[PDB]
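Okay, here we've got a single chain as structure tokens, the form deposited in one PDB entry, with questions on binding and movement later.
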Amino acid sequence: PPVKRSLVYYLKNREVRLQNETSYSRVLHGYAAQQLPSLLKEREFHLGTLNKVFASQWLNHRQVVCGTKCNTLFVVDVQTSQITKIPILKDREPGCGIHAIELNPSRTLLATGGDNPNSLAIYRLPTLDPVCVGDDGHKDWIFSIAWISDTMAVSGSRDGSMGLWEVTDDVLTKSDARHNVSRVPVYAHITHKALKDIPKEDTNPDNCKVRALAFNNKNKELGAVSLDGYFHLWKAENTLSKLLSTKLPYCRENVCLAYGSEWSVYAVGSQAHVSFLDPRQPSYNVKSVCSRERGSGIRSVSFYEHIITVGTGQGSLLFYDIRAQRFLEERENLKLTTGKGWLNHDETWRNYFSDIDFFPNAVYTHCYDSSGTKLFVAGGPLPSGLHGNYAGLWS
């Protein structure tokens, strides 16, 4: 007996409740993942004078949190186009911007860079109340975060260290007991459960920066990508423990990492190519697809069923199909391109970039909502000397 995969059976069975199965779940979403990219249209938002958006996640069907190079943390109501700023959490001590935002699997805790970029800030969801202090575990900025459980998060940094943090019930109850007594919010205290550095390779021993993290829930692995071109895999069942290290086929701008749970494949961005790695495979068994957007860099990547969505410095999003092993074509690779957003004609632009009226808004972050039909895209100009933001909702 062959597998019944036809969507006509799903529709006609649904009309009868004739066991329209959960078997079709991968058919329905896989079909949508191929259809959506050509149906999307841009609705830009005006964020004012914020510097760049570096991280973003959906908090609700209606709201997206965004972190910025200005260190501002803010929320967009994408239905009303309304911007709400959030207080930035300070450290245990009275001593860049927000390069990473992450949600724990149960969506009760949000993890961001703090007022100190070296320090992890935790907020309570959905309210955005503070939970705990900015720490002093890292000596430099937090580049990436990954919630390996509802209580445990790993955080990378420019010094190459990986802090493992656990928000225990005590941390929550101390935050809540303190906020009920003191009208001014007072944090709970935190420290890393363990602090481990990535193995130092023959490459520059200071350039051990861990730029991206991704969690494989199936095997309880944490994958990690450094900017020296090396990929690392760690077991994350209970505590951060090394499994293997593999050198990536490309060692340039390895800034984003995503994991396809339906493929057991890690997608790794680079200055030009997306690489598809499987740590259980031989090191030569790696697929590499060239974006051809050469010189602009891949800046964000994610899996939607069997489709990879790739944001780039050419302010453009490509879509790639694993099963077909090629880009989606337009109804000639299909690509969206961001609008102009807003640029600040500041002194640096005046001196070095004044000869250019328009720059592409690099997609530093993108994410699909829970329905799988809306794609939030945000970023800013590629050059570090340029100040100005871009955001919009594609639907």
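C-alpha atoms forming the largest set that superposes within 1.5 Å between two forms make up the rigid core. Counting begins at 1, following the sequence as shown.
- The modelled chain breaks between residue 331 and residue 332, where 10 or more residues of the deposited sequence lack coordinates.
- Unmodelled stretch separating residue 199 from residue 200: none (count of deposited-sequence residues without coordinates).
One more form of this protein exists, namely the form deposited in another entry; it is left out here, but the text below deals with it.
- Only one of 175, 119, 312, 254 has its C-alpha shifted by 2 Å or more between this form and the one not shown once the core is superposed, and that residue is 175.
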